[PDB]
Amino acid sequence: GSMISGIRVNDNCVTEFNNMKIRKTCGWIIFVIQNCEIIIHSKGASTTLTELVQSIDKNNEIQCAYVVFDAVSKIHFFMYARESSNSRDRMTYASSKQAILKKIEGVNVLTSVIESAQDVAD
């Protein structure tokens, strides 16, 4: 069996995600794992997705995270893991990605991990 499993999304994640989707009071949310729970790290107003990831790149408090970004036509969801992140941290974020995806609906799930702002130049 795996060392880490059964990590859970707290209700507040779904609450704020729905605030974003329905009430449009923010344009992005960053989720992290703390105390074996997925919680909200921060949220804010959408400029561009590139600008969001640039901010994340410069914020060393964030090693890995799940991110949603309201691009209006779609809400993108992705895992972020900076190149310098620890492989074992990446493994637990990877395995817990399914947990947050079960709790939030209506997102476009990106097919690649985002490591830096270069990766979102699509």
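The numbering used is simple: start at 1 and walk along the sequence shown.
Taking the PDB entry as given, 54-62 carries the higher mean Cα B factor of the two stretches 37-45 and 54-62. Among the modelled residues of its chain, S73 has a C-alpha B-factor that falls in the highest third according to the deposited record. Annotation for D119: CA B-factor lies in the middle third of the chain's modelled residues. Sorting the modelled residues of the chain by their CA temperature factor places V14 in the highest third. Placement of the Cα temperature factor of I104 within the chain: highest third of the modelled residues, per the deposited record.
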